[PDB]
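> Below is a structure I'd like to ask you about.
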Amino acid sequence: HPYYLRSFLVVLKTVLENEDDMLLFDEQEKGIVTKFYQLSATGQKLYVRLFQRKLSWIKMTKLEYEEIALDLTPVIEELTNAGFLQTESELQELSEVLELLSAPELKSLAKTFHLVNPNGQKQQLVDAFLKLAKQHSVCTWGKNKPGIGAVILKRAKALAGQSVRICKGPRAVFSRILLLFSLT
Amino acid sequence: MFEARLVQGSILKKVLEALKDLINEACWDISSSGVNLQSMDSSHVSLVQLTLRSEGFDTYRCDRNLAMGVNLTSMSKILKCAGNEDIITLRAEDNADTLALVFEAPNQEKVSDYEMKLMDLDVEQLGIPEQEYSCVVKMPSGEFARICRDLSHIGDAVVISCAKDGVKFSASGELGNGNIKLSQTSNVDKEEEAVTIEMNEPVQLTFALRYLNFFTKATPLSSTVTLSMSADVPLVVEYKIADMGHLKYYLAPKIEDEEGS
Amino acid sequence: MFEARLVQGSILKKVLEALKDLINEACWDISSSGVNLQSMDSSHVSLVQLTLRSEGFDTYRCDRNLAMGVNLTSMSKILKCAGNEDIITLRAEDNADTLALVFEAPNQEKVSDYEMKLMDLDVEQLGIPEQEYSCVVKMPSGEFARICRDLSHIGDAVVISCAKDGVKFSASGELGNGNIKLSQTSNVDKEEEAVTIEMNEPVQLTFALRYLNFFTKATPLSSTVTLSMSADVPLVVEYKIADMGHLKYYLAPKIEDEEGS
Amino acid sequence: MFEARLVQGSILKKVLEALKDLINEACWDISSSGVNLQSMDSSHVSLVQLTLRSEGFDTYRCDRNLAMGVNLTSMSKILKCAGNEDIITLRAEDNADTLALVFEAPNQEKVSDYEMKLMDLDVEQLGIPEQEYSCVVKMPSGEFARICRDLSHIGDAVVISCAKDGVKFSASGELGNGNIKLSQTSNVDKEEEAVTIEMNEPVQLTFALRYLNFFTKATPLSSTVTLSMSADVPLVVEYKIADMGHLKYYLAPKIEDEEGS
């Protein structure tokens with residue numbers, strides 16, 4: 001969208017002319033915003049859009065945005081390197097990956113496990129799986145190795161694949177920026 | 001060079017069915033003395049052990065100890081393509097990732113050859129603590145499969161009370177509660193009818209029926225199952241595969257506070 | 001207290017199976033005369049009546065007439081656990097809400113005990129008017145059981161047109177029309193192959209098939225249906241339960257004016 | 001008007017199931033010679049030809065030639081209602097608007113009549129060429145069906161290889177590769193349990209397994225199946241319909257893509 005590109009940068013370059021705004025923002029926030037202008041012109045769109053979107057660990061295979069490129073993966077690599085788009089990387093959080101996984105995929109994961117009633121409603125299987133976390137007595141059959149949850153997240157990431165998310169820091173600081181701009 | 005010629009292919013055919021749904025991947029530990037399978041299920045609650053000896057094999061040759069990672073589902077698909085009277089000629093080449101299954105038609109007119117790919121899993125050397133069992137039960141395989149299938153409808157948990165007058169299986173559910181008990185066979189000399197119980201101290205434990213149904217898929221392997229159990233030890237279900245080996249299962253009793261929470 | 005001992009456990013299993021798909025809950029009226037049941041169907045279309053006389057049971061006793069509302073679905077699942085030759089021992093005590101079913105193996109090696117939870121149902125009694133019918137036909141169960149299944153693939157409306165020399169189970173549908181016409185048989189040594197028909201007036205009717213398919217699920221009970229109709233009177237299908245009782249099936253004929261629209 | 005009496009109703013029954021899942025509509029060209037059916041398949045890949053000689057029928061008469069467009073799925077449904085030992089009496093009048101089926105019973109006690117709706121179709125006739133083939137194989141029908149289902153789990157392309165001592169059924173899928181060879185034996189007195197190949201020149205082709213599974217649906221028609229293929233010639237699968245007639249099954253081989261480059 002041109003409007004997404006047209007506005008955001010305009011919002012910043014009008015909030016720029018206010019000495020109070022810099023008086024209320026520290027040097028670190030200023031440096032992040034300087035990095036943000038420093039970002040490539042065509043690389044602006046991926047942070048511009050997903051910011052104006054739902055916050056969740058979501059896979060790139062779902063993304064379809066092509067007005068930049070169909071293989072704009074290197075732009076995401078740049079964003080990850082600069083520190084906006086956290087990739088798969090630190091994904092060890094059972095709840096998050098279970099939300100990431102799809103319902104048929106959840107059914108399949110239930111099938112390869114031996115849960116009870118492996119056919120229900122989306123979240124019900126999720127807390128049924130989290131019930132398996134109450135453990136570390138049976139995985140101690142032989143070696144201790146309590147990473148039952150590690151096994152589940154490994155097989156889920158294999159089932160799911162890649163995904164990304166925005167770091168809280170930037171999101172928060174530009175939320176502050178646009179809310180000061182609004183003042184309503 | 002691994003080369004095994006097994007006359008009774010049905011014996012190998014049955015084994016895969018018992019393992020097909022309970023385990024997906026496992027290490028096929030092989031030695032010069034026979035085959036040895038040992039792994040865990042996905043839910044990491046039950047232990048399966050197989051002790052196929054080398055004597056039963058018609059032709060056995062194991063130059064070096066090997067371990068091949070094989071997809072159990074994949075093996076079942078290939079195995080179901082061989083008849084219940086063929087002569088299996090499982091034969092493996094040194095570090096070739098090729099399991100040369102050869103099915104020998106007893107009619108001696110059909111030649112069947114397949115090759116399957118070998119995965120690379122990891123070994124965990126599961127320690128098996130040998131430890132005696134207070135209550136020992138042997139009783140014909142079908143009724144055990146019958147009993148564990150019947151109590152599936154009524155409930156999900158079973159209380160097994162090894163009573164000296166006879167083992168009693170009880171389950172409780174929202175449909176009600178029901179207890180099934182047997183009586184020790186005294187005069188019937190048929191080995192496929194005895195319900196002999198060995199008593200050392202009375203015991204009562206609890207197990208999830210979803211796994212007991214899984215275990216008994218290997219009823220065609222043998223006529224009699226042997227159950228050994230005691231205080232605070234996992235359940236062991238034992239099958240005797242003729243005279244070439246035994247197939248034992250391990251089931252940890254459900255923790256008494258699991259239903260409390 | 002109420003105690004009933006039936007040697008032929010297969011009777012209860014077959015009886016319970018027949019009423020599974022048509023009735024969800026029923027109130028079992030029991031007296032010194034014997035077991036009786038009368039419960040109009042869930043769809044509020046067909047009526048089912050079932051009676052068991054006391055002398056048929058090997059041992060019967062009932063101090064006071066009772067009426068238990070039994071979830072009919074759950075009873076069959078418990079009954080499905082019983083074998084084909086056990087000695088069922090229905091028993092209820094005083095004013096409890098628990099049915100104590102007992103299954104005993106013929107060899108006295110396996111004692112099965114189950115318990116139910118009764119539920120309170122309103123006792124709705126519907127009058128049954130006794131009167132004479134136009135066509136009464138005694139015909140083997142298997143033949144009719146085939147007939148209803150066969151005509152289902154064509155349409156959903158049979159037209160029985162009883163006549164002086166046989167039966168004419170016609171039907172129709174978008175695919176076409178099928179007119180099955182059996183021929184009257186009289187000179188048969190066995191009574192399980194006679195289709196003797198008694199008529200006073202000719203009768204042409206129409207009925208819903210999806211019930212009729214449910215309606216014949218009691219086929220294993222007997223081999224001789226006593227189906228009978230009269231003018232503007234609900235269809236009567238009756239099976240003679242050995243020397244135990246009768247299981248009669250009532251269905252009101254469909255209105256032709258509905259087919260016009 | 002056309003009238004045909006067939007003693008063996010099961011033969012006509014077995015024909016339909018083979019054709020029902022492959023072809024939706026067909027034109028039954030009827031002449032004094034007998035019954036003919038040629039119909040190019042749904043996916044515009046395979047060809048099916050059927051011929052029934054008039055002499056085999058117990059009674060047959062057709063004054064003027066006729067071809068009816070008849071739904072395969074619908075007419076197949078009706079015959080499922082007929083018993084395996086009935087005496088079918090296919091009949092259709094000169095004013096071609098409906099089809100009459102006169103299913104009977106061996107005891108001559110139950111008769112069933114059905115009416116089928118005809119359809120008007122474009123008669124597209126294709127002239128097949130009559131020519132000799134390079135490698136021709138006759139071999140038991142049951143074994144061929146078993147081979148097709150077995151290799152279906154491996155890949156979607158069987159490579160035929162007429163060789164010195166039989167055929168070289170070869171599956172090649174991602175899960176593995178499967179090679180099956182049948183030894184040419186002719187000393188067996190039972191021609192049904194024998195495989196005979198006549199060799200003129202070696203030729204190797206490939207066909208998709210999806211059609212081969214369907215092609216086997218006519219297994220109960222006969223015990224022996226004849227296969228003929230040559231270079232750049234569609235595969236020929238023929239079933240001998242007792243002494244009634246024959247059924248031939250055509251499939252053109254795939255064009256071998258330049259996967260080597």
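Each chain of the structure tokens is named A, B, ... in the order shown, its residues numbered from 1; ligands are numbered from 1 in display order.
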Show me which bits of chain C are within 12 Å of chain B, counting only C-alpha atoms, as a ChimeraX atom specification.

/C:70-83,97-105,107-119

> Output N, CA, C and O atoms for every residue in the selection just made, as a compact mmCIF listing (two decimals), in the first residue's frame.


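Result file follows (again-v6.txt):
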```txt
# COMPACT_ATOMS: atom_id res chain seq x y z
N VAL C 70 -34.76 -46.49 32.38
CA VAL C 70 -33.44 -46.97 32.03
C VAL C 70 -32.99 -46.27 30.75
O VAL C 70 -33.71 -46.28 29.75
N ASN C 71 -31.80 -45.67 30.79
CA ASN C 71 -31.20 -45.16 29.57
C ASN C 71 -30.94 -46.33 28.64
O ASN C 71 -30.07 -47.16 28.90
N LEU C 72 -31.71 -46.41 27.55
CA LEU C 72 -31.70 -47.61 26.74
C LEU C 72 -30.38 -47.78 26.00
O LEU C 72 -29.95 -48.91 25.75
N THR C 73 -29.72 -46.67 25.65
CA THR C 73 -28.43 -46.76 24.97
C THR C 73 -27.39 -47.44 25.85
O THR C 73 -26.65 -48.31 25.39
N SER C 74 -27.32 -47.05 27.12
CA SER C 74 -26.27 -47.55 28.00
C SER C 74 -26.45 -49.04 28.28
O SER C 74 -25.47 -49.76 28.49
N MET C 75 -27.70 -49.52 28.30
CA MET C 75 -27.93 -50.92 28.63
C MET C 75 -27.29 -51.85 27.61
O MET C 75 -26.72 -52.88 27.98
N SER C 76 -27.39 -51.50 26.33
CA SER C 76 -26.84 -52.37 25.30
C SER C 76 -25.32 -52.46 25.40
O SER C 76 -24.75 -53.55 25.25
N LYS C 77 -24.66 -51.33 25.66
CA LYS C 77 -23.20 -51.34 25.77
C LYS C 77 -22.75 -52.26 26.90
O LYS C 77 -21.79 -53.02 26.74
N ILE C 78 -23.43 -52.20 28.04
CA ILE C 78 -23.17 -53.17 29.09
C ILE C 78 -23.52 -54.57 28.62
O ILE C 78 -22.77 -55.52 28.83
N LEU C 79 -24.68 -54.71 27.97
CA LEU C 79 -25.07 -56.01 27.45
C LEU C 79 -24.12 -56.52 26.37
O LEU C 79 -23.96 -57.73 26.23
N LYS C 80 -23.49 -55.62 25.62
CA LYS C 80 -22.56 -56.05 24.59
C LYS C 80 -21.37 -56.79 25.18
O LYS C 80 -20.73 -57.58 24.49
N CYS C 81 -21.07 -56.54 26.46
CA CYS C 81 -19.98 -57.25 27.11
C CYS C 81 -20.32 -58.70 27.40
O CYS C 81 -19.42 -59.53 27.46
N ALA C 82 -21.60 -59.02 27.59
CA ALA C 82 -21.99 -60.38 27.88
C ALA C 82 -21.81 -61.27 26.66
O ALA C 82 -21.99 -60.83 25.52
N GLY C 83 -21.45 -62.52 26.91
CA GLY C 83 -21.27 -63.48 25.84
C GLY C 83 -22.59 -63.98 25.30
O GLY C 83 -23.67 -63.63 25.76
N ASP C 97 -31.67 -47.39 42.98
CA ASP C 97 -31.65 -46.90 41.61
C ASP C 97 -30.51 -47.55 40.84
O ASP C 97 -29.89 -46.94 39.96
N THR C 98 -30.23 -48.81 41.16
CA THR C 98 -29.10 -49.53 40.58
C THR C 98 -29.58 -50.88 40.08
O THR C 98 -30.15 -51.67 40.84
N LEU C 99 -29.34 -51.15 38.80
CA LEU C 99 -29.65 -52.45 38.23
C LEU C 99 -28.42 -53.35 38.28
O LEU C 99 -27.35 -52.97 37.79
N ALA C 100 -28.57 -54.53 38.87
CA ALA C 100 -27.45 -55.44 39.11
C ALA C 100 -27.51 -56.57 38.09
O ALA C 100 -28.10 -57.62 38.34
N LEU C 101 -26.88 -56.36 36.94
CA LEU C 101 -26.78 -57.40 35.93
C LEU C 101 -25.61 -58.32 36.23
O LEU C 101 -24.54 -57.86 36.64
N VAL C 102 -25.81 -59.61 36.04
CA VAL C 102 -24.79 -60.61 36.31
C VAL C 102 -24.70 -61.55 35.11
O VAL C 102 -25.72 -62.08 34.67
N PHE C 103 -23.50 -61.74 34.58
CA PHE C 103 -23.26 -62.68 33.49
C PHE C 103 -22.39 -63.82 34.00
O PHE C 103 -21.36 -63.58 34.64
N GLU C 104 -22.79 -65.05 33.71
CA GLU C 104 -22.06 -66.23 34.14
C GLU C 104 -21.71 -67.08 32.94
O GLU C 104 -22.58 -67.41 32.13
N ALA C 105 -20.43 -67.44 32.83
CA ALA C 105 -20.01 -68.32 31.75
C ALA C 105 -20.53 -69.74 31.99
O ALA C 105 -20.72 -70.15 33.14
N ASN C 107 -19.03 -72.55 31.78
CA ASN C 107 -18.06 -73.39 32.47
C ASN C 107 -17.87 -72.99 33.93
O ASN C 107 -17.07 -73.63 34.63
N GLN C 108 -18.58 -71.96 34.39
CA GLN C 108 -18.45 -71.45 35.75
C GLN C 108 -17.00 -71.08 36.06
O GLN C 108 -16.50 -71.34 37.16
N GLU C 109 -16.33 -70.46 35.09
CA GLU C 109 -14.97 -69.98 35.26
C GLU C 109 -14.88 -68.46 35.22
O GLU C 109 -13.87 -67.90 35.63
N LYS C 110 -15.93 -67.79 34.75
CA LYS C 110 -15.86 -66.35 34.51
C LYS C 110 -17.16 -65.73 34.98
O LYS C 110 -18.21 -65.96 34.37
N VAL C 111 -17.10 -64.94 36.05
CA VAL C 111 -18.26 -64.27 36.61
C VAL C 111 -18.15 -62.79 36.32
O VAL C 111 -17.20 -62.13 36.77
N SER C 112 -19.11 -62.26 35.58
CA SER C 112 -19.15 -60.85 35.24
C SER C 112 -20.27 -60.17 36.01
O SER C 112 -21.40 -60.65 36.04
N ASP C 113 -19.94 -59.05 36.65
CA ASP C 113 -20.89 -58.29 37.44
C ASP C 113 -20.83 -56.84 37.02
O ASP C 113 -19.75 -56.26 36.91
N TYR C 114 -21.99 -56.24 36.78
CA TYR C 114 -22.09 -54.85 36.40
C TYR C 114 -23.23 -54.20 37.16
O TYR C 114 -24.12 -54.89 37.67
N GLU C 115 -23.19 -52.88 37.26
CA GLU C 115 -24.23 -52.14 37.96
C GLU C 115 -24.59 -50.89 37.17
O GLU C 115 -23.72 -50.24 36.59
N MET C 116 -25.88 -50.56 37.16
CA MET C 116 -26.39 -49.40 36.45
C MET C 116 -26.81 -48.32 37.43
O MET C 116 -26.79 -48.49 38.65
N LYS C 117 -27.19 -47.17 36.87
CA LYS C 117 -27.74 -46.06 37.64
C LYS C 117 -29.09 -45.69 37.03
O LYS C 117 -29.15 -45.20 35.90
N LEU C 118 -30.16 -45.94 37.78
CA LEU C 118 -31.50 -45.68 37.27
C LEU C 118 -31.76 -44.19 37.19
O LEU C 118 -31.12 -43.37 37.86
N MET C 119 -32.73 -43.82 36.36
CA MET C 119 -33.14 -42.44 36.22
C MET C 119 -34.66 -42.38 36.23
O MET C 119 -35.35 -43.34 35.87
```

> If you take only C-alpha atoms and a cut-off of 12 Å, which residues of chain A touch chain B, and what are their nearest atom pairs and distances in Å to one decimal, in chain and number order, as JSON lines?


```
{"residue": "A:109", "atom": "CA", "partner": "B:42", "partner_atom": "CA", "distance": 10.4}
{"residue": "A:110", "atom": "CA", "partner": "B:43", "partner_atom": "CA", "distance": 10.2}
{"residue": "A:111", "atom": "CA", "partner": "B:21", "partner_atom": "CA", "distance": 9.9}
{"residue": "A:112", "atom": "CA", "partner": "B:42", "partner_atom": "CA", "distance": 7.0}
{"residue": "A:113", "atom": "CA", "partner": "B:42", "partner_atom": "CA", "distance": 5.6}
{"residue": "A:114", "atom": "CA", "partner": "B:43", "partner_atom": "CA", "distance": 6.0}
{"residue": "A:115", "atom": "CA", "partner": "B:43", "partner_atom": "CA", "distance": 8.0}
{"residue": "A:116", "atom": "CA", "partner": "B:210", "partner_atom": "CA", "distance": 8.1}
{"residue": "A:117", "atom": "CA", "partner": "B:210", "partner_atom": "CA", "distance": 10.4}
{"residue": "A:118", "atom": "CA", "partner": "B:210", "partner_atom": "CA", "distance": 11.9}
{"residue": "A:129", "atom": "CA", "partner": "B:43", "partner_atom": "CA", "distance": 10.8}
{"residue": "A:131", "atom": "CA", "partner": "B:261", "partner_atom": "CA", "distance": 10.6}
{"residue": "A:132", "atom": "CA", "partner": "B:43", "partner_atom": "CA", "distance": 8.8}
{"residue": "A:133", "atom": "CA", "partner": "B:43", "partner_atom": "CA", "distance": 11.2}
{"residue": "A:134", "atom": "CA", "partner": "B:258", "partner_atom": "CA", "distance": 9.5}
{"residue": "A:135", "atom": "CA", "partner": "B:44", "partner_atom": "CA", "distance": 10.0}
{"residue": "A:136", "atom": "CA", "partner": "B:44", "partner_atom": "CA", "distance": 10.4}
{"residue": "A:137", "atom": "CA", "partner": "B:255", "partner_atom": "CA", "distance": 9.3}
{"residue": "A:138", "atom": "CA", "partner": "B:45", "partner_atom": "CA", "distance": 5.9}
{"residue": "A:139", "atom": "CA", "partner": "B:44", "partner_atom": "CA", "distance": 5.9}
{"residue": "A:140", "atom": "CA", "partner": "B:44", "partner_atom": "CA", "distance": 9.3}
{"residue": "A:141", "atom": "CA", "partner": "B:45", "partner_atom": "CA", "distance": 7.9}
{"residue": "A:142", "atom": "CA", "partner": "B:126", "partner_atom": "CA", "distance": 5.5}
{"residue": "A:143", "atom": "CA", "partner": "B:126", "partner_atom": "CA", "distance": 7.5}
{"residue": "A:144", "atom": "CA", "partner": "B:126", "partner_atom": "CA", "distance": 11.0}
{"residue": "A:145", "atom": "CA", "partner": "B:124", "partner_atom": "CA", "distance": 10.6}
{"residue": "A:146", "atom": "CA", "partner": "B:44", "partner_atom": "CA", "distance": 10.4}
{"residue": "A:147", "atom": "CA", "partner": "B:44", "partner_atom": "CA", "distance": 10.8}
{"residue": "A:148", "atom": "CA", "partner": "B:44", "partner_atom": "CA", "distance": 8.0}
{"residue": "A:149", "atom": "CA", "partner": "B:43", "partner_atom": "CA", "distance": 10.8}
{"residue": "A:151", "atom": "CA", "partner": "B:42", "partner_atom": "CA", "distance": 9.1}
{"residue": "A:152", "atom": "CA", "partner": "B:42", "partner_atom": "CA", "distance": 9.7}
{"residue": "A:155", "atom": "CA", "partner": "B:42", "partner_atom": "CA", "distance": 10.8}
```

> Kindly provide the residues of segment 16-104 of chain A that approach segment 172-181 of chain A to within 10 Å, each paired with its closest atom pair and their distance in Å to one decimal, based on only C-alpha atoms, listed by chain and increasing number, as a tab-separated table.


```
residue	atom	partner	partner_atom	distance
A:21	CA	A:180	CA	8.4
A:25	CA	A:173	CA	9.0
A:29	CA	A:173	CA	6.9
A:30	CA	A:173	CA	9.8
A:32	CA	A:173	CA	9.0
A:33	CA	A:174	CA	8.6
A:51	CA	A:174	CA	9.3
```

> Would you output that residue set with C-alpha atoms, as a PDB file, in the first residue's frame?


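Just written: result_15.pdb:
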```
ATOM      1  CA  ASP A  21       8.958  15.057  21.848  1.00  0.00           C
ATOM      2  CA  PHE A  25      12.259  10.367  24.567  1.00  0.00           C
ATOM      3  CA  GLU A  29      14.688   5.486  21.392  1.00  0.00           C
ATOM      4  CA  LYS A  30      16.210   8.154  19.156  1.00  0.00           C
ATOM      5  CA  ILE A  32      16.233   3.089  17.208  1.00  0.00           C
ATOM      6  CA  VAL A  33      14.292   5.633  15.147  1.00  0.00           C
ATOM      7  CA  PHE A  51       2.934  -3.407  13.044  1.00  0.00           C
TER       8      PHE A  51
END
```

> Name the residues in contact with residue 120 of chain A at a cut-off of 10 Å, using only C-alpha atoms, excluding same-chain residues fewer than 5 positions from it; report them as a PyMOL selection string.

chain A and resi 103+107+125

> Take the residues just selected and output them with C-alpha atoms as a PDB file, in the first residue's frame.


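Heads up, here's the output in result02.pdb:
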```pdb
ATOM      1  CA  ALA A 103      -6.031 -27.367  14.100  1.00  0.00           C
ATOM      2  CA  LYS A 107      -5.164 -33.392  15.328  1.00  0.00           C
ATOM      3  CA  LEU A 125      -6.525 -30.113  22.654  1.00  0.00           C
TER       4      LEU A 125
END
```

> So how far away is atom CA of residue 242 of chain B from atom CA of residue 225 of chain B, in Å?

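Computing it gives 12.3 Å between the two atoms.
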
> Record the distance separating atom CA of residue 127 of chain A and atom CA of residue 50 of chain A, expressed in Å with one decimal.

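Going from atom CA of residue 127 of chain A over to atom CA of residue 50 of chain A covers 28.3 Å.
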
> Could you check the closest approach to residue 33 of chain B for each of B:227, B:244, B:221, B:199 and tell me which residue wins, using only C-alpha atoms?

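Of all the options, B:244 lies closest to residue 33 of chain B.
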
> Between atom CA of residue 96 of chain D and atom CA of residue 64 of chain D, what distance in Å does the model show, to one decimal?

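For atom CA of residue 96 of chain D relative to atom CA of residue 64 of chain D, the distance reads 11.7 Å.
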
> Nearest to residue 86 of chain A among A:165, A:6, A:45, A:59, with distances taken over only C-alpha atoms: which residue is it?

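Looking at the shortest contact to residue 86 of chain A, the residue is A:165.
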
> Counting only C-alpha atoms, what is within 8 Å of segment 83-85 of chain A, bar same-chain residues fewer than 5 positions away, as a list in words?

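My reading of the contact set: residues 47, 76, 164, 165, 166, 167 and 170 of chain A.
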
> Would you mind exporting the chosen residues as a PDB file, in the first residue's frame, restricted to N, CA, C and O atoms?


```pdb
ATOM      1  N   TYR A  47       7.958  -3.939   8.106  1.00  0.00           N
ATOM      2  CA  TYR A  47       7.625  -3.459   9.442  1.00  0.00           C
ATOM      3  C   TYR A  47       6.428  -2.552   9.455  1.00  0.00           C
ATOM      4  O   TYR A  47       5.776  -2.490  10.501  1.00  0.00           O
ATOM      5  N   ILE A  76      13.805  -9.774   5.273  1.00  0.00           N
ATOM      6  CA  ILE A  76      13.525 -10.262   6.617  1.00  0.00           C
ATOM      7  C   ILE A  76      14.814 -10.625   7.342  1.00  0.00           C
ATOM      8  O   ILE A  76      14.922 -10.457   8.560  1.00  0.00           O
ATOM      9  N   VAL A 164       7.879 -15.773  12.621  1.00  0.00           N
ATOM     10  CA  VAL A 164       8.536 -14.569  13.103  1.00  0.00           C
ATOM     11  C   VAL A 164       7.601 -13.827  14.049  1.00  0.00           C
ATOM     12  O   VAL A 164       6.445 -14.207  14.247  1.00  0.00           O
ATOM     13  N   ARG A 165       8.129 -12.760  14.643  1.00  0.00           N
ATOM     14  CA  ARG A 165       7.372 -11.908  15.550  1.00  0.00           C
ATOM     15  C   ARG A 165       8.140 -10.611  15.746  1.00  0.00           C
ATOM     16  O   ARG A 165       9.347 -10.548  15.500  1.00  0.00           O
ATOM     17  N   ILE A 166       7.431  -9.577  16.188  1.00  0.00           N
ATOM     18  CA  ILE A 166       8.062  -8.298  16.489  1.00  0.00           C
ATOM     19  C   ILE A 166       8.506  -8.266  17.944  1.00  0.00           C
ATOM     20  O   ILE A 166       7.798  -8.739  18.840  1.00  0.00           O
ATOM     21  N   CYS A 167       9.683  -7.692  18.182  1.00  0.00           N
ATOM     22  CA  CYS A 167      10.140  -7.467  19.545  1.00  0.00           C
ATOM     23  C   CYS A 167       9.297  -6.388  20.214  1.00  0.00           C
ATOM     24  O   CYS A 167       8.807  -5.458  19.568  1.00  0.00           O
ATOM     25  N   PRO A 170      10.605  -2.055  20.139  1.00  0.00           N
ATOM     26  CA  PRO A 170      10.169  -1.161  19.055  1.00  0.00           C
ATOM     27  C   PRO A 170       8.670  -0.931  19.060  1.00  0.00           C
ATOM     28  O   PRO A 170       8.232   0.211  19.249  1.00  0.00           O
TER      29      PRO A 170
END
```

> Which one of A:14, A:5, A:171, A:157 sits closest to residue 41 of chain A if you count only C-alpha atoms?

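Once distances to residue 41 of chain A are computed over only C-alpha atoms, the minimum belongs to A:5.
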
> Tell me, which residues of segment 105-182 of chain B carry DSSP alpha helix (DSSP H), written as a list in words?

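Matching residues for alpha helix (DSSP H) in segment 105-182 of chain B are residues 141, 142, 143, 144, 145, 146, 147, 148, 149, 150, 151, 152, 153 and 154 of chain B.
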
> Find the spatial neighbours of residue 99 of chain A, counting only C-alpha atoms, within a cut-off of 9 Å - ignore same-chain residues fewer than 2 positions away - and output them as an MDAnalysis selection string.

chainID A and resid 56:57 94:97 101:102 123 126
